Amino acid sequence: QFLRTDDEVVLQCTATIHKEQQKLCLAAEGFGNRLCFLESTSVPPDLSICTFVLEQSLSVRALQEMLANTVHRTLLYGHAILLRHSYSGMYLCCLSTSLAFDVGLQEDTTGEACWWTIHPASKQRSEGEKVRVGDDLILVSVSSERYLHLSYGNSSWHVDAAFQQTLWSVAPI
């Protein structure tokens, strides 16, 4: 089992504090300020808000060539991806509003803000390799060079684009 474009997925991270551990999924709504946040899972109470389609997977080189010119494929490590929030129709985006930027939903995909390069968690996954289901991914914003990051804010968990990694688990569902 490899991750394929058009695959419907959820993104999960593990959150640990004070000897208590839980898994969270990346969530969004297409109403309000469209900012991302995280659901606790028991299986998320509300699955629809956590659902994403892997629309596109392009090499950084191909994506930059494409943007420069304007002025069911398997996922490979090092490639840039586009994540469509399935319910809203919009796209997971690195936003220009506050170290960390916010992560949220955007309509247009022209530009780099909506693109995320996938990186290996360990030293035994390699650039250009097929991404397995079960692999822990690292996601980096093409526009801002920041990671999709798990953050412990006030007494809760948040998601932003920051200078430190978070391992994400992308499973079909």
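Counting begins at 1, following the sequence as shown.
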Residues with no coordinates between residue 71 and residue 72, taken from the deposited sequence as a class: 10 or more
Deposited-sequence gap flanked by residue 98 and residue 99: 4 to 9
The stretch whose C-alpha atoms carry the larger average B-factor in the entry, 142-150 or 121-129, is 121-129
Which has higher Cα B-factors on average according to the PDB entry: 19-27 or 158-166? 19-27
Residue 40 - Cα temperature factor, lowest/middle/highest third of chain: lowest
Lowest, middle or highest third of the chain for the C-alpha temperature factor of residue 60? middle
The third of the chain into which the C-alpha temperature factor of residue 114 falls is the lowest
